[PDB]
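Structure record follows, encoded as structure tokens.
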Amino acid sequence: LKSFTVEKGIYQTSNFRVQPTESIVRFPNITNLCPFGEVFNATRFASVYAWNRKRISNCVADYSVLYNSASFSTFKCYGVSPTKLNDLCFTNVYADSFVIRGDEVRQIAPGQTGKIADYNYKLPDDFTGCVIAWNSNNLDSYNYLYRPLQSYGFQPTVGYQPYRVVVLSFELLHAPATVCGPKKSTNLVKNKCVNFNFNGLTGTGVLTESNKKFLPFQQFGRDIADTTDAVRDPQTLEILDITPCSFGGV
Amino acid sequence: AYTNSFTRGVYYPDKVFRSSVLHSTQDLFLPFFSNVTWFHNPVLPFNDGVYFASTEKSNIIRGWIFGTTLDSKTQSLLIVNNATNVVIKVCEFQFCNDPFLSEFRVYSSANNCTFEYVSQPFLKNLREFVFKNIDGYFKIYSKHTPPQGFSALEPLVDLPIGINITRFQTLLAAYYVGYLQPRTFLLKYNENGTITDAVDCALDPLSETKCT
Ligand SMILES: *[C@@H]1O[C@H](CO)[C@@H](O[C@@H]2O[C@H](CO)[C@@H](O)[C@H](O)[C@H]2NC(C)=O)[C@H](O)[C@H]1NC(C)=O
Ligand SMILES: *[C@@H]1O[C@H](CO)[C@@H](O)[C@H](O)[C@H]1NC(C)=O
Ligand SMILES: *[C@@H]1O[C@H](CO)[C@@H](O)[C@H](O)[C@H]1NC(C)=O
Ligand SMILES: *[C@@H]1O[C@H](CO)[C@@H](O)[C@H](O)[C@H]1NC(C)=O
């Protein structure tokens, strides 16, 4: 009122609003995995003169397992940290798989020179993805040649041992995104004002069981005047009602 | 040979539940009482969303083709509904002059495939369809029913192909083909959330008043 004396009456001073206690995040359930199960996961690698280039698309890429894996001798990523790929999305990913020597591992870099970088797989000067390398003496130590073509002296007995190299090249603008990391889900809590995130739909309120028979294809219900009144739960397909958590003037 | 598209061709536009409400929405719908072409297949344009429908008893119609040039220069969609396993592919196909499949010919020289999808089987029974291509999302609405009367269309798949589609062709005795237009309707939602009735807001002044 901006006065030190208040006349008799009723005055409105502030607003009461309950605050959310916890956030619940939920998303579409885990589906087909990216077939990472097949390159280093593989039996035999092609030689570097005829390296393979496999396209991977329409799958969820969990880079956490490979990044935590200690079997990789080298793991150099450009642009973004390896832990943030779970959030990022791409259009396409290509895997360049071949076998080289450890002394030649330095050639996988933009603007590099050498026999490999000049007569063989050469990287562009522009943005690169991630390069993964490891020593493969046990498995691959004259069957492997390098591009005029010479053979490696792979003797099973450190820089002359075979190294198997996979380059992850990312296409990030070619099409709508279809290869992305997962979405960690959380347990759902009912009958409390919570801060929810259902399959990309955000808001706050209390969630309760509802008797609204949704159709199998709709994902969230909305009442008159364009307000979300109910959503269906992923991972249980239950139909849960949303009510604004209590507020009012004081 | 032409026939009247009596009032068929209305579909749920947004995958949002609403009940006991009248909602006015704008999307590519088939205008009421438009002309629908009846065929007895030649290549047809796809301009902006095409309404299909057929009545058979022996699954004689078995597939579609979608594309731009159909000469392996671009990736072209191919749908071949098998007996139990319907297959959808996107490959730089070479298409025959008159592709047909019980022996098949349209699926030769399958190279540079960029998308593959496998689903559940389709197809006195009228089997309709709606195909729309929006921002690289190809959307199919369908329903098979036992053309007079009203029936709403539920979606089936949404394929993020992102390929520029301009024409199509059908694989094989008669079928109907309509064309969608960007007209606004008034949709009536039953207490169960199903569309029961609709009003073409530019059909006639009475419907204009009803929508207003
Ligand atoms: C998503 O995945 C979860 C499990 O990964 C599924 O939850 C199961 O649901 C059934 C109900 O029929 C329960 O009997 C199981 O105990 C649940 N599993 C767990 C781990 O809680 C859920 O049904 C899946 N949903 C979809 C749409 O795939
Ligand atoms: C149906 O045909 C598709 C290809 O047209 C094939 O992949 C599938 O295995 C077939 N299903 C059978 C033979 O049951
Ligand atoms: C194969 O398809 C890809 C995908 O667009 C395209 O980039 C490429 O030029 C096509 N041809 C060859 C020989 O890879
Ligand atoms: C809604 O569906 C229920 C169960 O299917 C039915 O009992 C009820 O009559 C329906 N409401 C209508 C048709 O208005």
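Going from the start of the chain as shown, residues are counted 1 onward.
The backbone N, Cα and C atoms fix where each Cβ goes, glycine too.
Of the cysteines B:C96, B:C113, only one is given by Swiss-Prot as the disulfide partner of B:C91: B:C113. Under DSSP, residues within the region 'Putative superantigen' (B:190-211) fall into helix, strand and coil as 7 helix, 6 strand, 9 coil.
Listed recorded positions: B:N112, B:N164, B:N192, B:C201. Those with a CB under 8 Å from a CB in chain A, in sequence order: B:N192.
The distance from the Cα of B:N112 (N-linked glycosylation site) to the Cα of B:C91 (disulfide bond) comes to 6 Å. In the vicinity of ligand 3, defined as a Cβ distance under 6 Å, the following of the recorded positions B:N112, B:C113, B:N164, B:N192 are placed: B:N112.
Cα spacing between B:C211 (disulfide bond) and B:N192 (N-linked glycosylation site): 22 Å, rounded to the nearest whole number. Cβ atoms under 8 Å from those of the region 'Putative superantigen' (B:190-211) belong to residues 7, 10, 12, 17-20, 24, 31-33, 150, 152, 183-184 of the same chain, restricted to positions at least 6 beyond its ends.
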